[PDB]
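S.K.: Here is the input, now give the coordinates:
(7 chains)
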Amino acid sequence: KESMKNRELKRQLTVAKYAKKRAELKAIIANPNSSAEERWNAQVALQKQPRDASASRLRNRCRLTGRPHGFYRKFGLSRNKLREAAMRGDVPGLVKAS
Amino acid sequence: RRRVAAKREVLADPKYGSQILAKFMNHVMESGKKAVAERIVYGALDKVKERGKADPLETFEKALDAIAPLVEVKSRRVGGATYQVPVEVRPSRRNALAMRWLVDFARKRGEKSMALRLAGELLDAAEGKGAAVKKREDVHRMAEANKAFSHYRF
Amino acid sequence: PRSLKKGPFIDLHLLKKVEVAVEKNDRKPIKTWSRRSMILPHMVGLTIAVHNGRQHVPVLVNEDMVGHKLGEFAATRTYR
Amino acid sequence: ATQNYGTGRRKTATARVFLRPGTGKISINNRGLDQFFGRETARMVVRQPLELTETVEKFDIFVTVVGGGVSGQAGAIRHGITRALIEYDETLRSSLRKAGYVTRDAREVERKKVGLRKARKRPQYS
Amino acid sequence: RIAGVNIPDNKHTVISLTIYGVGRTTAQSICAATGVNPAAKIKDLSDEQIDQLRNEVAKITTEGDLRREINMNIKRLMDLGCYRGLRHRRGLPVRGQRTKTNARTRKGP
Amino acid sequence: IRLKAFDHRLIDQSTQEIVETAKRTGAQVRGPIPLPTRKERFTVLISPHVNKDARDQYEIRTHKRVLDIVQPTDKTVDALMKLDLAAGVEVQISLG
RNA sequence: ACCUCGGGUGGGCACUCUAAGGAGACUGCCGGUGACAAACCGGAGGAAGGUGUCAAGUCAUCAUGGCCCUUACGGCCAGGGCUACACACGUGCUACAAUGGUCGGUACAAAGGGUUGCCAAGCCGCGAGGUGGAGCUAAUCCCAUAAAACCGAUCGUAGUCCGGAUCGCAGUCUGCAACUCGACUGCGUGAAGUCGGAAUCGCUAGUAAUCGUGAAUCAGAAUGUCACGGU
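M.R.: Residues are numbered from 1 along each chain as shown, chains lettered A, B, ... in the order given. You can find the structure just below:
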């Protein structure tokens, strides 16, 4: 596949393309200070202003392989790296103990 | 085939002053709580004699009379019919069937006081007229047809 | 969840052939390009067809509807 | 003086005995034995070395040991009876082999094994 | 009439109300401030402290009146071609439970 | 002084260059306050076929140390901030 | 000393607060067996002493063929049609109505990741801790509340006053996307749980065995193998 690994990877600069209207429209909704006439003004926000402004369709993978499973928070890499990284020494502090 | 285990009985009861009774908290402990077990380990022995007139170590000791068998029920081959093995055995066998099956009839009584439905059978062995005494006399006269099979074909 | 924390439905781009089409008579079905797209609670009695890719279903809407999705006119798994 | 340091340990403890001679007085964890405990039998299991060393008239024992469970460091009162007393004298030295209550049992819950269910409690197989 | 249906005795007074379905933590203040004692039965006390514990029967829903609208709203789901009556025509769980086959207490015979 | 260092072997060799080189200059710096092993167990898969019976054990350690200088004037904390690393030690400092 | 006897705090380096790393556990020794010999039986001290295999899942997460789509699976806004109950079951927590049928209470869990995060005592509460925010780089804390105990009530042993499967409608929280369907279990209702027998999962020592997971590429419903089952 070639038209797959370079069309959802570009979500780094398109999901936060605006990035300044996306925070000026999503905090005071969590505030009840909006008036009873003002249910509508905060809802001209992000959808027909072209709809790459939400983030429900992004997924975390590996870098050099691209495996979504086995991905953790302490790496940008996946389950087929940990056996072959710190023995060549690509990961700090990963030491066997008990 | 070697027996490698070492028999380590640990008997020291904090208040009760028994000889053979102390460590028995194993089927009174129903995989649960010890504070639930406090009126039924010794508090039920403080509940046996409360309708009786003795010490609760009197009636407990004499379970080695009539609910303890004489012969053993293990099966053996020669070339034919599978022969069981009747023999005079050391107390670790016959009195092992004089303590744990005496308490095992506790569910078909189902009365008030959880503490009483475990130890409401122990005082029936003064004459020996309870539940575990019926099966012990079944053993002896289901051992007539076997008692000569100890050396010859055994 | 799915309570009435969201009271109204003010959605602007799902609207501009719906709220404008009040003065115009009802002679054409309003076609929909989603399995999600909903419309007002004060327009009650329009026609929306379940959008997935092969053929359309009978959709009958009366005055007493308040609750949930359009997933009942055609089913989720329609027993093929 | 008799101002010493003994320690009983069940479930990774570090105890404090404020020990002195006296007449058989017991106390535990800034409390008495009739004060924190009760509704158990594990209080006078420690009686079994206590009345056989005949120190029921000679010492004051306050072994604070914390942690564990309900009756878990009721297994620590088992240990700390004669540790801070055999650092005084050598009378009851060879007279305590019959009990055997000092060895911190390492057959407790050790490292966690995957594949099984618990330490060495095996799962269902065919 | 007394609790709607004829009532067996030799059991509890608050649990005579807390008779399958709406109750105890809402009637936590009903049986405690009316003065009606939970400590004894519906008969053996004075027979007069039931008169407001009987009026709750015919105010909201009744054993006869629960049968009134047990077919109106189900008629709203069967011939309207909808999906609450697509797994009522079949008999499955409806509100999105363990879905297809091997379900314990939702299908029946 | 608080750091942010790796393990047992790159703080017990990094605090040797701190306290003696700060005692040389006529000042009084306290001794090392310990910190045990950061216990966290790690579980991943290693089998080429997908297998639930196969897990294992890993760990990354995280060891820091509490120190403090009594008379704060030391050039041992600012000038010997560039010395107290070798390859990837990141020495945070505190004026305590 | 003090304290609200929760220790504001000096002092806690000795009558310590979870140790980085460490002499670490024996063929060590005497004696009866055996060819004296491997071992095997017994005693030390001391509240510690003997442990290279089974023509079968992937020309497909790196690899690699005989034919192919070749105005095309180079076009994608895709005009929806994958569970008639008509069964055996790989069956494998839960009870046998009596320790008896419904809670807000006990000496009581409580720290880390924490610069697009974790989300107080909540004012809200029967039980919802959205505006609040003690903690914003956590010997701090948000889920912060809790442990199967006393004698727990009326009444003392039940296929039922454990019983609710389609008829929660409908209640100021992601926020432009809840028009006949979701947590919020408040118990007015609509059941099938009675010694496991035909025969077989399978238990010789820490074991057969019923108290729970906190944290992302920086947005918190990842259940048979759950950080501690205190038996």
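
S.K.: Now for the residue lying closest to residue C:48 once chain neighbours are set aside: which residues touch it?
M.R.: Spatial nearest neighbour of residue C:48, chain neighbours left out: residue C:32 (5.1 Å); criterion: Cβ to Cβ, 6 or more residues apart in numbering or on different chains. Where C-beta positions appear, they are placed from N, C-alpha and C, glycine not excepted. Under the criterion of Cβ atoms under 8 Å, 6 or more residues apart in numbering or on different chains, the contact list for residue C:32 reads C:48-49, C:51.

S.K.: Now the buried members of those residues.
M.R.: Of the members of the contacts of residue C:32, the ones counted as buried by neighbours, 16 or more other Cβ atoms under 10 Å in any protein chain shown, are C:48-49.

S.K.: My guess is residue B:28 contacts residue B:41. True?
M.R.: Yes - counting by Cβ atoms under 8 Å, residue B:28 touches residue B:41, with 5.6 Å between them.

S.K.: got the residues of chain F near RNA strand G?
M.R.: Neighbours of RNA strand G within chain F, by Cβ under 7 Å from any atom of the strand: F:2, F:8-9, F:12, F:33-34, F:36-37, F:41, F:49, F:52-53, F:66.

S.K.: all helices of chain B, in order?
M.R.: Chain-ordered helices for chain B, with DSSP state H as the definition, fall at B:45-48, B:56-61, B:91-94, B:134-140.

S.K.: mind checking which of the ones you listed is nearest residue D:62?
M.R.: helix B:45-48 (31.1 Å; Cβ to Cβ).

S.K.: Tell me which stretches of chain D form helices.
M.R.: With DSSP H as the criterion, chain D has helices spanning D:47-50.

S.K.: Can you name the residue of it nearest to chain E?
M.R.: residue D:124 (19.7 Å; Cβ to the nearest Cβ).

S.K.: Please report how far the residue nearest to residue C:48 lies from residue C:66.
M.R.: Using Cβ to Cβ, to the nearest Å, residue C:32 is found at 20 Å from residue C:66.

S.K.: what's the closest non-adjacent residue to the spatially most central residue of chain B?
M.R.: By Cα atoms, centre = their mean, the mean C-alpha position of chain B lies nearest to residue B:99, the distance being 1.5 Å. Distances taken as Cβ to Cβ, 6+ apart place residue B:63 nearest to residue B:99, at 6.2 Å, with adjacent residues excluded.

S.K.: ditto for residue D:71
M.R.: Closest residue to residue D:71 in three dimensions, ignoring its sequence neighbours and counting by Cβ to Cβ, 6+ apart: residue B:34, at 5.3 Å.

S.K.: count of neighbours near the one you found?
M.R.: By other Cβ atoms under 10 Å in any protein chain shown, 17 other residues sit near residue B:34.

S.K.: What strand or helix carries the residue lying closest to residue A:90 once chain neighbours are set aside?
M.R.: Of all residues not flanking residue A:90 in the chain, residue A:81 sits nearest, at 7.6 Å (Cβ to Cβ, 6+ apart). Per DSSP states H and E: residue A:81 is located in neither a helix nor a strand.

S.K.: which one of the residues of chain F next to RNA strand G sits closest to residue D:75?
M.R.: residue F:36 (25.0 Å).

S.K.: and that closest one, what is it in contact with?
M.R.: Residue F:36 sits in contact with no residue, where contact means Cβ under 8 Å, 6+ apart.

S.K.: who's in contact with residue 62?
M.R.: Reading this off chain A. Counted by Cβ under 8 Å, 6+ apart, residue A:62 has contacts A:68, A:70-71, A:76-78, A:80-81.

S.K.: That was the other one, I meant chain E.
M.R.: Shown here is residue E:62, whose contacts under the criterion Cβ under 8 Å, 6+ apart are residue E:4.

S.K.: Distance-wise, check it relative to residue B:103.
M.R.: 53 Å.

S.K.: ok, now residue C:40?
M.R.: 74 Å.

S.K.: count of residues packed around the residue of chain C found nearest chain B?
M.R.: Taking Cβ to the nearest Cβ as the measure, the point where chain C comes nearest chain B is residue C:1, at 39.0 Å. Other residues near residue C:1 number 3, with proximity taken as other Cβ under 10 Å.

S.K.: what about it, is that helix, strand or coil?
M.R.: Under the three-state scheme (DSSP: H, G, I helix; E, B strand; the rest coil), the conformation of residue C:1 reads as coil.

S.K.: any idea which element the residue nearest to residue C:48 lies in?
M.R.: Here residue C:32 is covered by no helix or strand, with elements defined by DSSP H and E.

S.K.: separation between it and chain F?
M.R.: From residue C:32 across to chain F, the span is 41 Å (Cβ to the nearest Cβ, to the nearest Å).

S.K.: Now do the residue nearest to residue D:69 when sequence neighbours are not counted against RNA strand G, distance only.
M.R.: Closest residue to residue D:69 apart from its sequence neighbours, by Cβ to Cβ, 6+ apart: residue D:11 at 7.8 Å. Taking Cβ to the nearest atom of the strand, to the nearest Å as the criterion, residue D:11 is separated from RNA strand G by 7 Å.

S.K.: Residue A:39 now?
M.R.: From residue A:39 to RNA strand G the distance is 6 Å (Cβ to the nearest atom of the strand).

S.K.: Residue D:2: neighbour count?
M.R.: The tally of other residues near residue D:2 (other Cβ under 10 Å) stands at 12.

S.K.: oh sorry, the question was meant for residue F:74
M.R.: Going by other Cβ under 10 Å, the residues that sit close to residue F:74 add up to 19.

S.K.: mind listing what it touches?
M.R.: With contacts defined as Cβ under 8 Å, 6+ apart, the neighbours of residue F:74 are F:22, F:25, F:27, F:29.

S.K.: Of the residues you listed, which pair is most distant in space?
M.R.: Greatest spatial distance among the contacts of residue F:74 (Cβ to Cβ): F:25 and F:29, at 9.7 Å.

S.K.: follow-up on the earlier one: could the contacts of residue F:74 go into a markdown table alongside distance to chain A, neighbour count and secondary structure?
M.R.: A markdown table is the format used below for the contacts of residue F:74 (distance: Cβ to the nearest Cβ, whole Å; neighbours: other Cβ atoms under 10 Å in any protein chain shown; DSSP: H, G, I helix; E, B strand; the rest coil):
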| residue | distance to chain A | neighbour count | secondary structure |
| --- | --- | --- | --- |
| F:22 | 28 | 20 | helix |
| F:25 | 33 | 11 | coil |
| F:27 | 33 | 14 | coil |
| F:29 | 28 | 20 | strand |
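
S.K.: List just the nearest of these to residue B:151.
M.R.: Comparing the contacts of residue F:74 against residue B:151 with Cβ to Cβ picks out residue F:29 as the nearest, at 88.9 Å.

S.K.: That closest one contacts residue F:72, doesn't it?
M.R.: No - with the criterion set as Cβ under 8 Å, residue F:29 and residue F:72 do not qualify as a contacting pair; they are 10.4 Å apart.

S.K.: near chain F, which residues of chain D?
M.R.: Taking Cβ under 8 Å from any Cβ of the partner chain as the criterion, chain D approaches chain F at residues D:112, D:114-115.

S.K.: do that again at 7 Å, thanks
M.R.: Residues of chain D that fall close to chain F, judged by Cβ under 7 Å from any Cβ of the partner chain: D:114-115.

S.K.: The residue in chain D that chain F sits nearest to and residue F:55, how far apart?
M.R.: In chain D, the residue that lies nearest chain F is residue D:114 (3.8 Å; Cβ to the nearest Cβ). Residue D:114 sits at a distance of 4 Å from residue F:55 (criterion: Cβ to Cβ).

S.K.: so what's the nearest residue to residue F:34 once chain neighbours are set aside up against?
M.R.: If you skip the residues right next to it in sequence, residue F:34 has residue F:65 as its closest partner in space, 7.8 Å away by Cβ to Cβ, 6+ apart. With contacts defined as Cβ atoms under 7 Å, 6 or more residues apart in numbering or on different chains, the neighbours of residue F:65 are F:3, F:11, F:15, F:32-33, F:35.
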